[PDB]
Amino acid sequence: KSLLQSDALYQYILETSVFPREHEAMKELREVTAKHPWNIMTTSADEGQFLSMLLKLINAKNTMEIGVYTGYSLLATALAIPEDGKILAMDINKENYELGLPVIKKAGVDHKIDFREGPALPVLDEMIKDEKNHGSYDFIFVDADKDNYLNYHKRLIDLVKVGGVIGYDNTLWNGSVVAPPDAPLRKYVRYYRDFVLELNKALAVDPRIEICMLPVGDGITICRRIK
């Protein structure tokens, strides 16, 4: 499903504004992923289209992605940034990443990707220690844990430059953020729900960023660093 009022409205957007003129490598990868068990996690085409737009608009060149899976956001990112662009991508799996890596290579853009297998926090902590890494990123996309978002934000805010933009994905969490106390949901969404609400409250109050909650995909909260 989606966050709009009708699956038809959503589709109308896809059929008229996304699928036509959408590279193909995306189409390919989106096809490969459909065969995989956890494909429910791949990000939507409409949202990859928005990310493309945004990347272009802010003319980003150096970026980071936490939560790669298969590679949809990644591919989208690499096809948008300039030829000399660079992306630091982190995921705990890796086998899932290689499942899509063939398509990224087939789009001749895999060279902008530095994949690192393993938990993201450890890495973040080591980067903080080097003052050279501070304010060194144009864009940072966060589509991983959830119970770890606030933790990431603590070091991410010093890694993104003032120019800004950190994207926290899934902030509307399937709407569960307003589900009536009596409408049983999947155990995982019920679990991650407390963290999202908490995450959102913190972001709304954080003086170092500007923020915009866009109901595209499962919701992206765009944060622009102001200090």
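Residue numbers here begin at 1 and follow the sequence given.
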Next on the checklist: Can you tell me whether 111-119 has a higher mean C-alpha B factor than 126-134 in this record, or the other way round?
Outcome noted: 126-134
Checklist entry - Should the higher mean CA B-factor in the entry be assigned to 33-41 or to 165-173? => result 33-41
Checklist entry - Looking at 202, 178, 196, 55, which has the biggest Cα B factor in the entry? => result 178
Item to check | CA B-factor ranking of residue 158, expressed as a third of its chain | outcome: middle
Checklist entry - Once the chain's modelled residues are ordered by C-alpha B factor and cut into thirds, is residue 9 in the lowest, middle or highest one? => result highest
Checklist entry - In terms of the chain's CA B-factor thirds, is residue 84 lowest, middle or highest? => result highest
Checklist entry - Split the chain's modelled residues into thirds by Cα B-factor; is residue 26 in the lowest, middle or highest one? => result highest
Checklist outcome for this item: For residue 18, the third of its chain by CA B-factor is the highest
